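So the structure is just underneath, and the comments pick up after that.
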Amino acid sequence: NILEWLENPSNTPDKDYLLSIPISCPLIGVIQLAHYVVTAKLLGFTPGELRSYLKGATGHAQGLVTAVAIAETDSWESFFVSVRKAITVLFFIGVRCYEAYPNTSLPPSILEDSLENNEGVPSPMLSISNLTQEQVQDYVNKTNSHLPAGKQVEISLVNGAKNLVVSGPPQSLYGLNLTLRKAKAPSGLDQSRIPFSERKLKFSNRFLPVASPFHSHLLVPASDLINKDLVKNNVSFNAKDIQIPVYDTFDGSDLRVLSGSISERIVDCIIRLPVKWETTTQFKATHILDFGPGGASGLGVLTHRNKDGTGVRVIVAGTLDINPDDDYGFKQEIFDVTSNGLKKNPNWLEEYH
Amino acid sequence: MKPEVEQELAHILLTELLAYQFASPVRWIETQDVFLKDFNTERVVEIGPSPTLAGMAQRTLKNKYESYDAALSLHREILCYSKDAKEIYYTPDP
Amino acid sequence: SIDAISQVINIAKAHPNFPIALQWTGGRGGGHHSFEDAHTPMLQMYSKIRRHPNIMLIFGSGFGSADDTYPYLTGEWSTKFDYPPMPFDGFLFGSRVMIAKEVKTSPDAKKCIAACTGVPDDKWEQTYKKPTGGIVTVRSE
Amino acid sequence: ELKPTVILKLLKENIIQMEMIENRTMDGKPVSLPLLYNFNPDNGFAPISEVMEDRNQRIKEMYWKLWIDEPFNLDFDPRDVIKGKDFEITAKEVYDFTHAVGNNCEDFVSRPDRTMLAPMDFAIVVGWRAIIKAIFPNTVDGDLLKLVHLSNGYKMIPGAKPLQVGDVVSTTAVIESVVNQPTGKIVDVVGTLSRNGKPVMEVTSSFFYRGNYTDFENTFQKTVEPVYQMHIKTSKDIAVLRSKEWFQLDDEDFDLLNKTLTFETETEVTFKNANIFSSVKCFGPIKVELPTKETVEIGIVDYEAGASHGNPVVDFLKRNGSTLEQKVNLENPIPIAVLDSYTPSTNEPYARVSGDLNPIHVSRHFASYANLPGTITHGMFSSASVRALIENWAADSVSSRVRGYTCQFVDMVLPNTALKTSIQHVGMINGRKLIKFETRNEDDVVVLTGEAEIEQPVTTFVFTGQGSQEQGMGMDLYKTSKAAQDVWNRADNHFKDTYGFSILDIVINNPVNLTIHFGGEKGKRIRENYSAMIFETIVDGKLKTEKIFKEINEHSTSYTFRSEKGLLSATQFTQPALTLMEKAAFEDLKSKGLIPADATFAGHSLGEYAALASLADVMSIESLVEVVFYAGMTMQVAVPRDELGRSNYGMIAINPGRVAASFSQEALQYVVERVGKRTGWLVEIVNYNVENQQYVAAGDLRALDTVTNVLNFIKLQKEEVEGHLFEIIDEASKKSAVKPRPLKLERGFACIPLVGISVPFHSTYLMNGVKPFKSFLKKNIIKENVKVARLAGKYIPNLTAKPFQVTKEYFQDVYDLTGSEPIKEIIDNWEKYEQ
Ligand SMILES: Cc1cc2nc3c(=O)[nH]c(=O)nc-3n(C[C@H](O)[C@H](O)[C@H](O)COP(=O)(O)O)c2cc1C
């Protein structure tokens, strides 16, 4: 009951329950759709013509559903049907994935060790930064060699060259984290006097705020149930109805030209296949509007860091804030009518040609 | 197997093991592998005046059971009677 | 290093009008040198440097021809590091011009310099252990 | 939705009926409790009078309809055992129960490629229909609306795996004790849950019928009295025991003097009134403590009496013997965590999953009629929630690690209340941590309090071998621990009586020389003990019998043990001292209750003997020290020693890691074998200690010198390979051979000679002496004292470094390393032994 939670913040549930995926998936969908509605209304656009202005659409795992929905949107009259499609898909993937791999209480010994090692609460998704994919993969394989098949960990989100996310059991990810801590240097280790080759690699691993291990073998049994549930509470995305390219999370291919069911492919992208965000980021665009959650901590700044120096400006459409560096936009840049609204990110190959 | 026959067999086997123990090499590699990997021993207690076997078990763990320990989150607490009496007795210092 | 580059960036920020020539040089450069790689600090700090137009980026520490300097001129040196192109504003040639006719280096010292075969970038760090490429690292006062 | 809850009417001109309808039922059909009241207009002040006749029967009938799904029949003996219907554990049921109690442990949640366990609290769900049937009989009369659940407890029997999804569990309830107290009637029910015939666990449940009851003829009480220990010091004690009729012995001539008797009695009392028992019976087995600390039945307590004011047996045992408390408190409690739980807004989720449809937990009107502060929640829910917290925190979210859990419901708990539970580790019981908890409500009022027996983490006990002996070993434990005192004193007394020396004194003072004197009858007996000591060796099929202490004869007035620096470093005294201080440390641990029942154990060298005497109690302290002292003294004659007492044998500690990274266990074994074979002398690896980081090689001092030299050479440098290694061996051997026989092994860059060792034990050299040593070990280790349960799965022998198992594969493994005729006979005749 979200209306009551919004009207009375006092009796809202706790953050862990809200973060649980059967809540988080549909509610992150609502947040993204609300950002889209605010943008379109304040610009005086119908969702269809705003989509037509958009060169393309895509999403990080969950946001792909919203991307396809706003891709299919036509007008305010039929905008709620696409909202219903997106919200139903998100609700069902959340419910079925939670059923497939619910959240259990981790050993408080593990929790205390993680906390005293300047680490957050263990979660089914662990983000690792400043490590190459091959290095993260060898660590994952070393951990998987000992773990059994049902408790394996695999890379879920290839956010960037030096940014990855490994999904699996929280306990298995804590074991991987123990190995990484064994292989990790202190942050405050002054290595300026050591040769670059001889320097011990340093990286940062932190558990994401997630409640289920997305893009893992663990949520695979949920996929068929989600597909059948969509066919029952009919939510189908048709290539003909979609009128802008939607870039796949796995291979970056447009979802329109896919022979198979777009809804089924989306579900596999969220639950089974990993997200190769760089491989999706091959589209040629000058401006990227990030409607996701997190604001400054959301997908927009990550995409900006990936695409920095290529002449692509990212605008965080969901937050009103000032970026001191002015290397990425905010909600005001979308609605600004002066030359301030039109900000082109530097392209090093051109500007410093 | 009847209980009495089982006892007789076990007594003969134990006698023979003890009899050949002083004439045959000590396979403490296999013993450590058995009680660290097959049983996943979480706490080792070493009954001795010095932490000899405790240091040996520690060495086996750093040399061999490191990725195993990390992956399966086995808190291998190696305690020796001579120095880790507080840990063995559950008498933490207030 | 990174801290020094950040300090240069702070100076440029404090004086956004005055031109600052950031003469980056990796550890592989001749004479006094650091332990830092010639490339990764630049891959890390290039965007911050270009956020200030009054900074001019000059690359040194291991350049002695136009063939090996053109990739840094166009910025395509970063494409092999999987970064966007990273054009550089200038270059400096310290060890190349040591055997030039107008330097006061003695003829035998010039012959000794020319005898140094040199090594690629990836194996310059061996100078800390052995005379790699005819050149070795030593500690000053 | 809205459904009828009460119907008030008149059945006749006088009977007012209040049908209190519970709509929450097993089959969904409403069940009406009719409460009848006489209406007397003549008595205008109080016209309405409760109809007591059949009131308790009606309440019981309605509760039976709600709880039990069998035809209503209250006429059955409370003594008779109640058999509950066979119940099948399902994933859905475990799912619902876990999410109703708040059990988030991963053990109970379905996971891929892993069997789903059921919570310990699920036992009450399995056995409610019998445990609650216990309190129904008309003989145990009482108002069920006034029932109070005083306490509930779970106890897994040892060796029983936790409940798992799919197993079929049978429940057998018995009324342990029903007693009329002034404030009400206590009824204690014990429900045994069994699986595949074997028992799984026991569920105790105490119920209180508040009211006044005088039907003592139907009251009885069975109590397992605490175990009592009595040391028989004098013949007065024996006379007092024999004067007791109840004290009966199978062997009337059994020698009770200097013996410890343990009494495990159970008292069954039937009451005549509140104070006086109508009949008192006290029955149990009396057992004696053997030298191996093993209690074996030698008699029985059998007391029977009619009207009596008490049980004289328990009074006598309390006054004379001492109570053995299995639980052992720590020096100070150890707080674990203070946790906040919340009682649910409704009790239907727990009621429908546990089967407890008590209306006081779901219906406002029934609670009002029961005078409760509100729709109070299941105490069993609170117990399940606290046990979830305990297995999460005390047990680190390991279901199997929780073996016992008792809880007392001191106060009622209302829904939507914050319960603060402080968990403390207060003691140990048979190697299980005893955890107290005290759950209080928001008003700082205790509402739950109980115990939890949580198994320790998987424990192994590794007993150290010779090498670390030092003066003052185990003496602080000898000062403090009483069990260590007893072990050391038994050892010292045996050594004084037999060989006339004090192992305690040797450990404390480390004398360089020790003179045993053979004056008087005691000295002559000690001299005979010394002369009887022989070293028997079957060499080349001939049983040589060398004599240890060849000096000692009938005319020897004294013998003197010599040492260079101290006698505690001599194998004769080093091994018994080490074995004794190990056994004393373990015995103090056992007295403190820190030994898990399932703990495994191994021992390096003598360490094995100490581990056997410690965990398995195969041999007593006396036999242990006898065997170990005999072995240590046979070492003195096992190797030909020169006139200076030094032999040409020893040991070195090789480190394959410090010679070269290439050097592995296989490489070192290859080099050692080639050294021995090519040079002709004896050398071999005796202790495989650490992988490529610590090994021991025993053999000739000269040969070990060549091994050290060759490994030094391999450190200094990097069929045909065999010939090259042979050349290195030849160089080292021709360099070392010319040295005098009593040479000193030099420290290599990787070889560390071991000081104080002059015999190559654990080597092929002492194979001829195994059989006579085996016979001596048989004389010392009695078959009856070997406990297969204590040894199997826990003992890892050094010969066969696998868990001890009496199996044909294990016996064949014994031959695979060392062939022996009895083993081959056993394997050949195995089909005969199994039958
Ligand atoms: C002989 C010699 C003297 C140098 N003296 C200085 C100096 O005095 N101050 C300084 O900042 N760098 C000095 N350098 C470093 C160079 O100026 C330049 O920064 C870079 O390291 C040269 O790189 P390269 O040898 O690969 O061409 C010297 C280099 C050489 C070879």
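Residue names in the structure tokens use chain letters A, B, ... in the order shown, residue numbers from 1 in each chain, and ligand numbers from 1 in the order shown.
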Neighbours of chain B in chain A at 8 Å, counting only C-alpha atoms, as a PyMOL selection string: chain A and resi 142-144+146-147+171-172+174-176+178-179
Using DSSP on the backbone coordinates, identify all residues within stretch 497-650 of chain D classified as strand (DSSP E or B); present the result as a PyMOL selection string. chain D and resi 514-517+534-539+542-547+558-561+600-603+641+647+649-650
Take the residues from that selection and write them out as a JSON list (two decimals), in the first residue's frame, keeping N, CA, C and O atoms.
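Written output follows (result.json):
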```json
[["chain", "number", "residue", "atom", "x", "y", "z"],
["D", 514, "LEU", "N", 68.95, -39.68, 39.43],
["D", 514, "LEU", "CA", 67.89, -40.19, 40.29],
["D", 514, "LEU", "C", 68.25, -41.58, 40.75],
["D", 514, "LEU", "O", 68.29, -42.51, 39.95],
["D", 515, "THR", "N", 68.51, -41.74, 42.05],
["D", 515, "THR", "CA", 68.89, -43.02, 42.61],
["D", 515, "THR", "C", 67.68, -43.69, 43.26],
["D", 515, "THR", "O", 67.09, -43.14, 44.20],
["D", 516, "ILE", "N", 67.33, -44.86, 42.74],
["D", 516, "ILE", "CA", 66.31, -45.72, 43.33],
["D", 516, "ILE", "C", 67.03, -46.69, 44.26],
["D", 516, "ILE", "O", 68.04, -47.30, 43.87],
["D", 517, "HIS", "N", 66.52, -46.82, 45.47],
["D", 517, "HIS", "CA", 67.12, -47.67, 46.48],
["D", 517, "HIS", "C", 66.24, -48.88, 46.74],
["D", 517, "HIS", "O", 65.01, -48.78, 46.78],
["D", 534, "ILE", "N", 62.08, -56.14, 30.40],
["D", 534, "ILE", "CA", 62.83, -56.77, 29.32],
["D", 534, "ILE", "C", 62.48, -56.08, 28.01],
["D", 534, "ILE", "O", 61.42, -55.48, 27.85],
["D", 535, "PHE", "N", 63.41, -56.18, 27.07],
["D", 535, "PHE", "CA", 63.25, -55.69, 25.70],
["D", 535, "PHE", "C", 63.24, -56.93, 24.81],
["D", 535, "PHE", "O", 64.28, -57.55, 24.59],
["D", 536, "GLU", "N", 62.06, -57.29, 24.31],
["D", 536, "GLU", "CA", 61.89, -58.47, 23.48],
["D", 536, "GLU", "C", 61.81, -58.04, 22.02],
["D", 536, "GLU", "O", 61.13, -57.07, 21.69],
["D", 537, "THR", "N", 62.51, -58.77, 21.16],
["D", 537, "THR", "CA", 62.61, -58.44, 19.74],
["D", 537, "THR", "C", 62.66, -59.72, 18.93],
["D", 537, "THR", "O", 63.54, -60.55, 19.16],
["D", 538, "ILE", "N", 61.73, -59.87, 17.99],
["D", 538, "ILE", "CA", 61.72, -61.03, 17.10],
["D", 538, "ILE", "C", 62.52, -60.62, 15.87],
["D", 538, "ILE", "O", 62.01, -59.96, 14.96],
["D", 539, "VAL", "N", 63.79, -61.01, 15.85],
["D", 539, "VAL", "CA", 64.70, -60.72, 14.74],
["D", 539, "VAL", "C", 65.04, -62.02, 14.03],
["D", 539, "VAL", "O", 65.45, -63.00, 14.67],
["D", 542, "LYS", "N", 63.72, -65.19, 15.46],
["D", 542, "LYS", "CA", 64.19, -65.58, 16.79],
["D", 542, "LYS", "C", 63.82, -64.50, 17.79],
["D", 542, "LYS", "O", 64.09, -63.31, 17.56],
["D", 543, "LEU", "N", 63.22, -64.91, 18.91],
["D", 543, "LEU", "CA", 62.76, -63.98, 19.94],
["D", 543, "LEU", "C", 63.90, -63.73, 20.93],
["D", 543, "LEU", "O", 64.03, -64.40, 21.96],
["D", 544, "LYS", "N", 64.73, -62.75, 20.61],
["D", 544, "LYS", "CA", 65.72, -62.28, 21.56],
["D", 544, "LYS", "C", 65.04, -61.56, 22.71],
["D", 544, "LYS", "O", 64.07, -60.82, 22.52],
["D", 545, "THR", "N", 65.56, -61.77, 23.92],
["D", 545, "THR", "CA", 65.05, -61.13, 25.14],
["D", 545, "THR", "C", 66.23, -60.45, 25.82],
["D", 545, "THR", "O", 66.86, -61.03, 26.71],
["D", 546, "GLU", "N", 66.54, -59.22, 25.40],
["D", 546, "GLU", "CA", 67.52, -58.43, 26.12],
["D", 546, "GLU", "C", 66.90, -57.94, 27.42],
["D", 546, "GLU", "O", 65.68, -57.83, 27.55],
["D", 547, "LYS", "N", 67.75, -57.66, 28.41],
["D", 547, "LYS", "CA", 67.30, -57.17, 29.70],
["D", 547, "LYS", "C", 67.64, -55.69, 29.82],
["D", 547, "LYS", "O", 68.79, -55.29, 29.62],
["D", 558, "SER", "N", 71.02, -50.45, 44.80],
["D", 558, "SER", "CA", 70.49, -49.23, 44.22],
["D", 558, "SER", "C", 70.74, -49.24, 42.72],
["D", 558, "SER", "O", 71.60, -49.96, 42.21],
["D", 559, "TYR", "N", 69.96, -48.42, 42.02],
["D", 559, "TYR", "CA", 70.16, -48.11, 40.62],
["D", 559, "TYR", "C", 70.14, -46.59, 40.49],
["D", 559, "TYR", "O", 69.55, -45.91, 41.32],
["D", 560, "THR", "N", 70.81, -46.06, 39.47],
["D", 560, "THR", "CA", 70.88, -44.62, 39.26],
["D", 560, "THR", "C", 70.58, -44.30, 37.81],
["D", 560, "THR", "O", 71.31, -44.74, 36.91],
["D", 561, "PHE", "N", 69.51, -43.56, 37.58],
["D", 561, "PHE", "CA", 69.23, -42.95, 36.29],
["D", 561, "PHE", "C", 70.14, -41.73, 36.14],
["D", 561, "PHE", "O", 70.15, -40.86, 37.01],
["D", 600, "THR", "N", 36.60, -34.99, 17.11],
["D", 600, "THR", "CA", 37.58, -35.94, 16.60],
["D", 600, "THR", "C", 38.91, -35.76, 17.33],
["D", 600, "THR", "O", 39.10, -34.80, 18.09],
["D", 601, "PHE", "N", 39.84, -36.68, 17.12],
["D", 601, "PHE", "CA", 41.10, -36.57, 17.83],
["D", 601, "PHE", "C", 42.18, -37.36, 17.11],
["D", 601, "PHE", "O", 41.92, -38.41, 16.52],
["D", 602, "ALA", "N", 43.40, -36.83, 17.19],
["D", 602, "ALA", "CA", 44.59, -37.47, 16.66],
["D", 602, "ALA", "C", 45.75, -37.17, 17.60],
["D", 602, "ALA", "O", 45.65, -36.31, 18.48],
["D", 603, "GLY", "N", 46.85, -37.88, 17.40],
["D", 603, "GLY", "CA", 48.00, -37.68, 18.25],
["D", 603, "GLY", "C", 49.30, -37.95, 17.55],
["D", 603, "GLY", "O", 49.48, -39.00, 16.93],
["D", 641, "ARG", "N", 74.23, -48.83, 22.02],
["D", 641, "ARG", "CA", 74.91, -47.62, 22.48],
["D", 641, "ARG", "C", 76.34, -47.95, 22.88],
["D", 641, "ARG", "O", 76.64, -49.05, 23.34],
["D", 647, "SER", "N", 74.35, -43.58, 20.81],
["D", 647, "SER", "CA", 74.16, -44.49, 19.70],
["D", 647, "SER", "C", 74.47, -43.79, 18.38],
["D", 647, "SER", "O", 74.64, -42.58, 18.31],
["D", 649, "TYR", "N", 72.44, -43.43, 15.86],
["D", 649, "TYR", "CA", 71.16, -43.16, 15.23],
["D", 649, "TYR", "C", 70.61, -41.82, 15.72],
["D", 649, "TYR", "O", 70.98, -41.32, 16.78],
["D", 650, "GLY", "N", 69.72, -41.25, 14.92],
["D", 650, "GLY", "CA", 69.09, -39.99, 15.28],
["D", 650, "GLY", "C", 68.10, -39.55, 14.23],
["D", 650, "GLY", "O", 67.67, -40.34, 13.37]]
```
To one decimal place in Å, what is the distance between atom CA of residue D:659 and atom CA of residue D:750? 6.0 Å
Contacts of ligand 1, 8 Å or closer, only C-alpha atoms and all ligand atoms, given as an mmCIF file with C-alpha atoms, in the first residue's frame:
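The resulting pocket-v4.cif:
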```cif
data_model
loop_
_atom_site.group_PDB
_atom_site.id
_atom_site.type_symbol
_atom_site.label_atom_id
_atom_site.label_comp_id
_atom_site.auth_asym_id
_atom_site.auth_seq_id
_atom_site.Cartn_x
_atom_site.Cartn_y
_atom_site.Cartn_z
ATOM 1 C CA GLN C 23 55.324 18.698 -18.515
ATOM 2 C CA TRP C 24 54.389 15.146 -17.629
ATOM 3 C CA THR C 25 57.312 12.711 -17.622
ATOM 4 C CA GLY C 26 57.139 9.056 -16.657
ATOM 5 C CA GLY C 27 59.737 7.196 -14.664
ATOM 6 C CA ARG C 28 61.274 5.940 -17.917
ATOM 7 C CA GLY C 29 62.761 9.378 -18.580
ATOM 8 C CA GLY C 30 66.446 10.085 -18.266
ATOM 9 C CA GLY C 31 68.139 11.721 -15.336
ATOM 10 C CA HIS C 32 66.155 12.115 -12.149
ATOM 11 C CA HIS C 33 62.953 10.110 -12.460
ATOM 12 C CA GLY C 60 58.169 13.417 -22.223
ATOM 13 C CA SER C 61 60.250 10.565 -20.797
ATOM 14 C CA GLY C 62 61.077 8.354 -23.748
ATOM 15 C CA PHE C 63 60.530 10.212 -27.033
ATOM 16 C CA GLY C 64 63.189 10.539 -29.705
ATOM 17 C CA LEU C 92 59.926 17.272 -24.845
ATOM 18 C CA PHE C 93 63.038 15.375 -25.958
ATOM 19 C CA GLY C 94 65.678 15.234 -23.248
ATOM 20 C CA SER C 95 67.824 12.203 -23.968
ATOM 21 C CA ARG C 96 67.516 12.394 -27.770
ATOM 22 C CA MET C 98 72.301 14.639 -25.922
#
```
Write out as a PyMOL selection string all residues of stretch 52-94 of chain A that DSSP puts in helix (DSSP H, G or I) for this structure's backbone. chain A and resi 52-53+63-72+79-94
Would you save the residues from that selection as a JSON list (two decimals), in the first residue's frame, using N, CA and C atoms?
```
[["chain", "number", "residue", "atom", "x", "y", "z"],
["A", 52, "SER", "N", 9.95, 10.07, -29.43],
["A", 52, "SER", "CA", 10.39, 10.33, -30.79],
["A", 52, "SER", "C", 11.62, 11.24, -30.81],
["A", 53, "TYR", "N", 11.63, 12.26, -29.95],
["A", 53, "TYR", "CA", 12.83, 13.08, -29.78],
["A", 53, "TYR", "C", 14.02, 12.25, -29.32],
["A", 63, "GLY", "N", 16.05, -1.38, -15.53],
["A", 63, "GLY", "CA", 15.54, -0.25, -16.28],
["A", 63, "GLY", "C", 15.20, -0.57, -17.72],
["A", 64, "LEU", "N", 15.60, -1.75, -18.21],
["A", 64, "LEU", "CA", 15.29, -2.13, -19.58],
["A", 64, "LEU", "C", 13.78, -2.21, -19.79],
["A", 65, "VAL", "N", 13.05, -2.62, -18.75],
["A", 65, "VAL", "CA", 11.59, -2.70, -18.85],
["A", 65, "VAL", "C", 11.01, -1.31, -19.08],
["A", 66, "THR", "N", 11.48, -0.33, -18.29],
["A", 66, "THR", "CA", 11.02, 1.04, -18.48],
["A", 66, "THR", "C", 11.43, 1.57, -19.84],
["A", 67, "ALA", "N", 12.62, 1.19, -20.31],
["A", 67, "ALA", "CA", 13.07, 1.63, -21.63],
["A", 67, "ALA", "C", 12.13, 1.13, -22.72],
["A", 68, "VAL", "N", 11.75, -0.14, -22.67],
["A", 68, "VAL", "CA", 10.84, -0.68, -23.68],
["A", 68, "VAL", "C", 9.46, -0.05, -23.54],
["A", 69, "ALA", "N", 9.03, 0.20, -22.30],
["A", 69, "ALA", "CA", 7.71, 0.79, -22.08],
["A", 69, "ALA", "C", 7.63, 2.19, -22.68],
["A", 70, "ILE", "N", 8.58, 3.06, -22.33],
["A", 70, "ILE", "CA", 8.57, 4.41, -22.88],
["A", 70, "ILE", "C", 8.87, 4.39, -24.37],
["A", 71, "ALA", "N", 9.56, 3.36, -24.86],
["A", 71, "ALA", "CA", 9.71, 3.17, -26.30],
["A", 71, "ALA", "C", 8.38, 2.91, -26.99],
["A", 72, "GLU", "N", 7.49, 2.13, -26.36],
["A", 72, "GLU", "CA", 6.19, 1.83, -26.92],
["A", 72, "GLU", "C", 5.14, 2.90, -26.66],
["A", 79, "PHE", "N", -0.79, 6.05, -22.19],
["A", 79, "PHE", "CA", 0.46, 5.94, -21.45],
["A", 79, "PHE", "C", 0.32, 4.98, -20.27],
["A", 80, "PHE", "N", -0.85, 4.96, -19.64],
["A", 80, "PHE", "CA", -1.04, 4.08, -18.50],
["A", 80, "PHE", "C", -1.07, 2.62, -18.89],
["A", 81, "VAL", "N", -1.35, 2.28, -20.15],
["A", 81, "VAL", "CA", -1.29, 0.87, -20.53],
["A", 81, "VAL", "C", 0.16, 0.40, -20.54],
["A", 82, "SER", "N", 1.08, 1.24, -21.04],
["A", 82, "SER", "CA", 2.49, 0.90, -20.99],
["A", 82, "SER", "C", 3.02, 0.93, -19.56],
["A", 83, "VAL", "N", 2.52, 1.86, -18.74],
["A", 83, "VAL", "CA", 2.88, 1.85, -17.33],
["A", 83, "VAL", "C", 2.45, 0.54, -16.69],
["A", 84, "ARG", "N", 1.25, 0.07, -17.03],
["A", 84, "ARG", "CA", 0.76, -1.20, -16.50],
["A", 84, "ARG", "C", 1.64, -2.35, -16.96],
["A", 85, "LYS", "N", 2.03, -2.36, -18.24],
["A", 85, "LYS", "CA", 2.90, -3.41, -18.74],
["A", 85, "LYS", "C", 4.22, -3.44, -17.98],
["A", 86, "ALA", "N", 4.86, -2.27, -17.85],
["A", 86, "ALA", "CA", 6.15, -2.20, -17.18],
["A", 86, "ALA", "C", 6.03, -2.61, -15.72],
["A", 87, "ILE", "N", 5.01, -2.11, -15.03],
["A", 87, "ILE", "CA", 4.87, -2.37, -13.61],
["A", 87, "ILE", "C", 4.53, -3.83, -13.37],
["A", 88, "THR", "N", 3.70, -4.42, -14.23],
["A", 88, "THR", "CA", 3.40, -5.84, -14.11],
["A", 88, "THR", "C", 4.65, -6.68, -14.31],
["A", 89, "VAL", "N", 5.45, -6.34, -15.32],
["A", 89, "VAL", "CA", 6.68, -7.10, -15.56],
["A", 89, "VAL", "C", 7.61, -7.00, -14.36],
["A", 90, "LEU", "N", 7.78, -5.78, -13.83],
["A", 90, "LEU", "CA", 8.69, -5.59, -12.71],
["A", 90, "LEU", "C", 8.18, -6.29, -11.46],
["A", 91, "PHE", "N", 6.88, -6.20, -11.20],
["A", 91, "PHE", "CA", 6.29, -6.86, -10.05],
["A", 91, "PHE", "C", 6.48, -8.37, -10.14],
["A", 92, "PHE", "N", 6.23, -8.94, -11.32],
["A", 92, "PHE", "CA", 6.31, -10.39, -11.44],
["A", 92, "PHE", "C", 7.75, -10.88, -11.38],
["A", 93, "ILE", "N", 8.69, -10.15, -11.99],
["A", 93, "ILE", "CA", 10.08, -10.58, -11.89],
["A", 93, "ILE", "C", 10.54, -10.48, -10.44],
["A", 94, "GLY", "N", 10.12, -9.42, -9.73],
["A", 94, "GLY", "CA", 10.50, -9.30, -8.34],
["A", 94, "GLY", "C", 9.95, -10.43, -7.49]]
```
Using only C-alpha atoms, which chain D residues lie at most 7 Å away from chain B, written as a PyMOL selection string? chain D and resi 331+457-464+468-469+473+582+585+685-691+761-764+766-767+770+773-774+777-778+783+786-788+796-799+801-802+806+833-835
Please determine the contact residues of chain D with respect to chain A at a cut-off of 7 Å, counting only C-alpha atoms, and supply them as a PDB file with C-alpha atoms, in the first residue's frame.
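Written out: out02.pdb:
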```pdb
ATOM      1  CA  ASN D 104      15.207 -16.656   8.583  1.00  0.00           C
ATOM      2  CA  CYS D 105      17.923 -19.307   8.898  1.00  0.00           C
ATOM      3  CA  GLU D 106      19.090 -20.607   5.534  1.00  0.00           C
ATOM      4  CA  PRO D 112      19.285 -25.659  -4.940  1.00  0.00           C
ATOM      5  CA  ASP D 113      21.246 -28.895  -4.579  1.00  0.00           C
ATOM      6  CA  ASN D 392      21.110 -17.160  14.606  1.00  0.00           C
ATOM      7  CA  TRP D 393      23.435 -15.574  17.180  1.00  0.00           C
ATOM      8  CA  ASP D 396      25.802 -18.641  14.063  1.00  0.00           C
ATOM      9  CA  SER D 397      22.710 -19.639  12.057  1.00  0.00           C
TER      10      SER D 397
END
```
